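Comments concern the structure below.
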Amino acid sequence: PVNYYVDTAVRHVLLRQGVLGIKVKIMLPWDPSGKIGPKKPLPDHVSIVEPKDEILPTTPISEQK
Amino acid sequence: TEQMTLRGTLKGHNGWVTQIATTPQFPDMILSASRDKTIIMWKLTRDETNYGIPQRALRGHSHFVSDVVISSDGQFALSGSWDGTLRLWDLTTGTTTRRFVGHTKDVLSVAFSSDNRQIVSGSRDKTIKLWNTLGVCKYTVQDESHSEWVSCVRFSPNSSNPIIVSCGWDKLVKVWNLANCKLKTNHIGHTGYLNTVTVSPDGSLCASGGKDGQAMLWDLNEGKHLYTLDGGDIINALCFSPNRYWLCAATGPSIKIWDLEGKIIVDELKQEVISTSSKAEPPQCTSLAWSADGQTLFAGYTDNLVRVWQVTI
């Protein structure tokens, strides 16, 4: 997942005394949909995407069509 | 009085028996399917040392063979399989005539018409579909279909009119008439998903069952809910008798053979009672089918055996 869900950059910046190293690492958030850019599953703990429906009211009858 | 004796038991499978069928043209054949991904055609000797030997073994599937049915001539045989395809066999050496291409998921149920020109299929696609014998799609049903998996479809014997049964896991039984492909009716009933349905040889009835394990009776043409019977824990397969008005219900530890006129249980078939514990001490019975003689019936179990019985007076 490190290849998809993060980007990482490095830039050197000078000053009058030596060099300072900057590094920035940022994590991409998309999981529901789109662009689609990074893939929809979650990275580190890969979650079970769970919809819900649950009803019954059934009783016996014949309904002609 | 008409009662049952344990006839014998067949052997020759590595996978659970899924279905059995028999052609009345040759009652000396019998056909079987299994989760060893092969359908086995038998050679029945009536010796009680055995009761039959496998003649040939038809091969070529990459997943289970769910249901199987014979031709009306007995010279062809057809299969429905969880690899999403069907095959049309030539039951003389092997050599498939045709394989039917097009489903995205399993083909659970399948049946073969009386005129040998219409072949249907139930799928986990949530589509009933019709198939020419040339192996192309006459029609596809995707409107007013089940909202869950299609459990079993049937061709109905009738005076001449086209009627086909359909039942799914959405706890409904839909009856369809061809050449408009409409809902003839919707029958509501049974708590829990439907496993099976079967039609009377006369054809005016639909004996249905499922997870509920209750046997409700419906009228094909009247469209009325006759009654309900307590059929035990679960009923996976049903089959009317050809020469009686009985109904034979396949429950886990036993098969319950019911006389219909009057409504009562004749006997309960018990197999070997060998000591085992605890979740399914005997194997569940899952399929069953009568012979055309009506003396003998057969059963599918999950121990890879087909147990035989015979009626004795």
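Letters for chains follow the order of the structure tokens (A, B, ...), residue numbers begin at 1 for each chain, and ligand numbers begin at 1 in the order shown.
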Item checked: Contact residues around residue 114 in chain B with only C-alpha atoms at 10 Å, ignoring same-chain residues under 4 positions, as JSON, numbers by chain -> {"B": [71, 72, 73, 118, 119, 155, 156, 157]}
Writing out the chosen residues with N, CA, C and O atoms as a PDB file, in the first residue's frame:
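Produced file part_26.pdb, reproduced below:
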ATOM      1  N   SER B  71     -32.477 -36.763 -21.000  1.00  0.00           N
ATOM      2  CA  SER B  71     -33.272 -36.474 -22.167  1.00  0.00           C
ATOM      3  C   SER B  71     -34.487 -37.360 -22.131  1.00  0.00           C
ATOM      4  O   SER B  71     -34.534 -38.348 -21.398  1.00  0.00           O
ATOM      5  N   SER B  72     -35.508 -37.015 -22.951  1.00  0.00           N
ATOM      6  CA  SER B  72     -36.734 -37.767 -23.083  1.00  0.00           C
ATOM      7  C   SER B  72     -36.510 -38.994 -23.933  1.00  0.00           C
ATOM      8  O   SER B  72     -37.338 -39.902 -23.933  1.00  0.00           O
ATOM      9  N   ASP B  73     -35.363 -39.054 -24.658  1.00  0.00           N
ATOM     10  CA  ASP B  73     -34.984 -40.183 -25.473  1.00  0.00           C
ATOM     11  C   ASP B  73     -34.023 -41.045 -24.697  1.00  0.00           C
ATOM     12  O   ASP B  73     -33.928 -42.247 -24.948  1.00  0.00           O
ATOM     13  N   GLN B 118     -36.356 -26.684 -25.587  1.00  0.00           N
ATOM     14  CA  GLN B 118     -36.306 -25.583 -24.659  1.00  0.00           C
ATOM     15  C   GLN B 118     -35.634 -26.079 -23.416  1.00  0.00           C
ATOM     16  O   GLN B 118     -35.931 -27.157 -22.913  1.00  0.00           O
ATOM     17  N   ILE B 119     -34.669 -25.289 -22.898  1.00  0.00           N
ATOM     18  CA  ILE B 119     -33.807 -25.700 -21.820  1.00  0.00           C
ATOM     19  C   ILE B 119     -33.670 -24.444 -21.013  1.00  0.00           C
ATOM     20  O   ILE B 119     -33.363 -23.398 -21.574  1.00  0.00           O
ATOM     21  N   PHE B 155     -40.011 -27.333 -15.737  1.00  0.00           N
ATOM     22  CA  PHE B 155     -40.944 -27.321 -16.838  1.00  0.00           C
ATOM     23  C   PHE B 155     -42.149 -28.032 -16.299  1.00  0.00           C
ATOM     24  O   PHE B 155     -42.018 -28.980 -15.523  1.00  0.00           O
ATOM     25  N   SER B 156     -43.358 -27.577 -16.700  1.00  0.00           N
ATOM     26  CA  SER B 156     -44.599 -28.096 -16.181  1.00  0.00           C
ATOM     27  C   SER B 156     -45.185 -28.960 -17.266  1.00  0.00           C
ATOM     28  O   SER B 156     -45.254 -28.493 -18.401  1.00  0.00           O
ATOM     29  N   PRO B 157     -45.606 -30.204 -17.026  1.00  0.00           N
ATOM     30  CA  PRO B 157     -46.409 -30.957 -17.975  1.00  0.00           C
ATOM     31  C   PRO B 157     -47.813 -30.402 -17.951  1.00  0.00           C
ATOM     32  O   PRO B 157     -48.303 -30.057 -16.877  1.00  0.00           O
TER      33      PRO B 157
END
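Within 6 Å of chain A, chain B contributes the residues residues 183, 184, 185, 186, 187, 188, 189, 223 and 224 of chain B, using only C-alpha atoms.
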Backbone-only DSSP, strand (DSSP E or B) members of range 68-310 of chain B, as an MDAnalysis selection string | chainID B and resid 68:70 76:81 86:90 94:100 107:112 119:123 128:131 139:141 150:155 163:168 172:177 182:188 194:199 205:210 214:219 225:230 238:240 246:250 255:259 264:269 285:290 296:301 305:310
task = Please provide as a ChimeraX atom specification all residues within 7 Å of residue 248 in chain B, with the sequence filter that same-chain residues fewer than 5 positions apart are discarded (counting only C-alpha atoms).
result = /B:238-240,256-258
Could you write those residues out with C-alpha atoms, as a PDB file, in the first residue's frame?
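Result file is selection28.pdb:
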ATOM      1  CA  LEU B 238     -38.768 -33.066  -3.146  1.00  0.00           C
ATOM      2  CA  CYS B 239     -40.107 -35.527  -5.687  1.00  0.00           C
ATOM      3  CA  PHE B 240     -43.681 -36.733  -6.295  1.00  0.00           C
ATOM      4  CA  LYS B 256     -40.109 -38.794   5.179  1.00  0.00           C
ATOM      5  CA  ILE B 257     -42.449 -40.504   2.730  1.00  0.00           C
ATOM      6  CA  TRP B 258     -45.917 -38.970   2.940  1.00  0.00           C
TER       7      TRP B 258
END
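Put simply, CA of residue 281 in chain B is 16.2 Å away from CA of residue 250 in chain B.
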Skipping near chain neighbours, those fewer than 6 positions away, what residues fall within 8 Å of residue 7 in chain A using only C-alpha atoms, listed as an mmCIF file with N, CA, C and O atoms, in the first residue's frame?
data_model
loop_
_atom_site.group_PDB
_atom_site.id
_atom_site.type_symbol
_atom_site.label_atom_id
_atom_site.label_comp_id
_atom_site.auth_asym_id
_atom_site.auth_seq_id
_atom_site.Cartn_x
_atom_site.Cartn_y
_atom_site.Cartn_z
ATOM 1 N N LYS A 25 5.564 13.766 3.805
ATOM 2 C CA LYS A 25 4.972 12.480 3.554
ATOM 3 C C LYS A 25 3.523 12.658 3.896
ATOM 4 O O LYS A 25 3.214 13.128 4.987
ATOM 5 N N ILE A 26 2.590 12.284 2.984
ATOM 6 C CA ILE A 26 1.200 12.682 3.067
ATOM 7 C C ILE A 26 0.470 11.483 2.546
ATOM 8 O O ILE A 26 0.953 10.808 1.640
ATOM 9 N N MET A 27 -0.741 11.227 3.094
ATOM 10 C CA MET A 27 -1.471 10.005 2.912
ATOM 11 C C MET A 27 -2.766 10.367 2.247
ATOM 12 O O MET A 27 -3.457 11.288 2.674
ATOM 13 N N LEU A 28 -3.112 9.631 1.164
ATOM 14 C CA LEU A 28 -4.212 9.937 0.284
ATOM 15 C C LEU A 28 -5.467 9.307 0.855
ATOM 16 O O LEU A 28 -5.344 8.234 1.440
#
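Near range 37-49 of chain A, within 9 Å and counting only C-alpha atoms, sit residues 1, 2, 4, 5, 28, 29, 30, 31, 32, 33, 34, 35 and 51 of chain A; same-chain residues fewer than 2 positions away were not included.
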Give me the residues near residue 19 in chain B as a short mmCIF file (atom, residue, chain, number, x, y, z; two decimals) with N, CA, C and O atoms, in the first residue's frame, where near means some atom within 10 Å (using only C-alpha atoms) and where sequence neighbours in that chain fewer than 4 positions away do not count.
data_model
loop_
_atom_site.label_atom_id
_atom_site.label_comp_id
_atom_site.auth_asym_id
_atom_site.auth_seq_id
_atom_site.Cartn_x
_atom_site.Cartn_y
_atom_site.Cartn_z
N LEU B 31 -28.43 -42.06 -13.35
CA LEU B 31 -27.48 -41.03 -13.63
C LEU B 31 -27.34 -40.27 -12.34
O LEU B 31 -28.27 -40.24 -11.54
N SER B 32 -26.19 -39.61 -12.12
CA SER B 32 -25.84 -39.05 -10.84
C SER B 32 -24.93 -37.90 -11.12
O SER B 32 -24.26 -37.88 -12.15
N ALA B 33 -24.86 -36.93 -10.19
CA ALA B 33 -23.92 -35.85 -10.27
C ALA B 33 -23.32 -35.78 -8.90
O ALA B 33 -23.77 -36.47 -7.99
N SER B 34 -22.26 -34.95 -8.74
CA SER B 34 -21.47 -34.95 -7.54
C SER B 34 -20.51 -33.80 -7.60
O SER B 34 -20.34 -33.16 -8.65
N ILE B 39 -20.16 -36.50 -13.68
CA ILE B 39 -21.44 -37.15 -13.63
C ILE B 39 -21.19 -38.57 -14.04
O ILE B 39 -20.50 -38.83 -15.02
N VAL B 65 -20.83 -29.99 -10.14
CA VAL B 65 -21.93 -30.17 -11.05
C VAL B 65 -23.10 -30.24 -10.12
O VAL B 65 -23.25 -31.19 -9.36
N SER B 66 -23.95 -29.19 -10.18
CA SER B 66 -25.07 -28.97 -9.30
C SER B 66 -26.23 -29.88 -9.62
O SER B 66 -26.67 -30.63 -8.75
N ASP B 67 -26.79 -29.79 -10.84
CA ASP B 67 -27.99 -30.51 -11.20
C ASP B 67 -27.75 -31.07 -12.56
O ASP B 67 -26.95 -30.56 -13.34
N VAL B 68 -28.49 -32.15 -12.86
CA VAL B 68 -28.29 -32.99 -14.01
C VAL B 68 -29.69 -33.43 -14.32
O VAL B 68 -30.54 -33.49 -13.44
N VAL B 69 -29.97 -33.71 -15.61
CA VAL B 69 -31.27 -34.17 -16.01
C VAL B 69 -31.05 -34.94 -17.28
O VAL B 69 -30.11 -34.67 -18.03
N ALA B 237 -34.84 -31.28 -1.10
CA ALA B 237 -35.27 -31.84 -2.36
C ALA B 237 -36.61 -32.47 -2.14
O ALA B 237 -36.89 -32.99 -1.07
N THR B 286 -29.84 -35.04 0.66
CA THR B 286 -29.84 -33.77 -0.03
C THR B 286 -30.63 -33.86 -1.30
O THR B 286 -31.24 -32.87 -1.71
N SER B 287 -30.66 -35.04 -1.97
CA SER B 287 -31.40 -35.23 -3.19
C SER B 287 -32.05 -36.57 -3.15
O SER B 287 -31.62 -37.45 -2.39
N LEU B 288 -33.08 -36.78 -4.00
CA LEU B 288 -33.76 -38.04 -4.07
C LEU B 288 -34.54 -38.06 -5.35
O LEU B 288 -34.89 -37.01 -5.89
N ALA B 289 -34.82 -39.27 -5.87
CA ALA B 289 -35.56 -39.42 -7.10
C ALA B 289 -36.12 -40.80 -7.12
O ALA B 289 -35.45 -41.76 -6.73
N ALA B 299 -31.41 -42.06 -3.19
CA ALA B 299 -31.18 -40.93 -2.34
C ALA B 299 -29.77 -40.48 -2.54
O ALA B 299 -28.90 -41.28 -2.84
N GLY B 300 -29.52 -39.16 -2.38
CA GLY B 300 -28.21 -38.58 -2.42
C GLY B 300 -27.88 -38.15 -1.04
O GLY B 300 -28.72 -37.59 -0.33
N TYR B 301 -26.62 -38.42 -0.62
CA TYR B 301 -26.12 -38.12 0.69
C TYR B 301 -24.80 -37.44 0.50
O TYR B 301 -24.33 -37.26 -0.63
#
- Message: Quick check for you: according to DSSP on this backbone, which residues of chain A are classed as alpha helix (DSSP H)? Reply as a VMD selection string.
- Response: chain A and resid 2 to 5
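For the atom pair formed by CA of residue 60 in chain B and CA of residue 107 in chain B, the distance is 15.5 Å, given to one decimal.
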### Message
Give me, as a ChimeraX atom specification, all polymer residues having an atom no more than 12 Å from range 52-55 of chain A, counting only C-alpha atoms and skipping those fewer than 5 positions away in the same chain.
### Response
/B:170-171,191-192
Here CA of residue 244 in chain B and CA of residue 270 in chain B stand apart by 21.9 Å
